[PDB]
Amino acid sequence: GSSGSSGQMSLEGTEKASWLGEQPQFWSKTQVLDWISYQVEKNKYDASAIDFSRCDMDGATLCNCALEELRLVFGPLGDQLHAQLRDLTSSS
């Protein structure tokens with residue numbers, strides 16, 4: 001907007017990620033929703049469409065879920081989330 005106008009609210013947090021270090025297949029009901037916020041805050045998504053109530057996937061269900069599915073549970077944001085999950089499982 002003008003002279004910053006961003007980054008003036010909650011700028012502290014350094015305790016690793018609850019979903020960092022473990023594959024997407026061994027994720028918990030919390031880790032999942034926890035990973036979403038990360039992609040929702042990075043993609044600048046309003047996050048006023050996704051249905052967290054529908055995201056009951058613990059972990060194995062997320063990696064097993066389908067593309068169109070993630071798009072119906074996380075709105076149009078799924079298209080972006082899937083791309084990420086596709087790399088997590090892919091591994092090196």
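Report, by residue number, each residue of the stretch 34-62 that is under 19 Å from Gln23 (Cα atoms) and without any contact (Cβ under 8 Å) to a residue 40 or more places away in the chain.
Of the residues in the stretch 34-62, the ones under 19 Å from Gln23 (Cα atoms) are 34-39, 55-62.
Answer for the stretch 34-62, where residues must be under 19 Å from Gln23 (Cα atoms) and without any contact (Cβ under 8 Å) to a residue 40 or more places away in the chain: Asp34, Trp35, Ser37, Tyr38, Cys55, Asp56, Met57, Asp58, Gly59, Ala60, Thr61, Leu62.
Considering every residue within the stretch 50-66, establish whether at least one is surrounded by 10 or more Cβ atoms within 10 Å (Cβ to Cβ), among the polar types (S, T, N, Q) and in a helix (DSSP H, G or I).
Yes, the stretch 50-66 contains a residue that is surrounded by 10 or more Cβ atoms within 10 Å (Cβ to Cβ), among the polar types (S, T, N, Q) and in a helix (DSSP H, G or I).
So that you can scan it fast, the table gives a plain yes or no per residue for (1) of a type in the set (S, T, N, Q); (2) surrounded by 10 or more Cβ atoms within 10 Å (Cβ to Cβ); (3) not in a loop (DSSP other than H, G, I, E, B):
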position	(1), (2), (3)
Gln8	yes, no, no
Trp19	no, yes, no
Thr30	yes, yes, yes
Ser37	yes, yes, yes
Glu41	no, yes, yes
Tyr45	no, yes, no
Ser48	yes, no, no
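Values in this text are rule-based calculations from the coordinates and carry no lab data. Quick reminder, even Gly has a Cβ in these numbers, built from the backbone with ideal geometry, and neighbours come from all protein chains shown.
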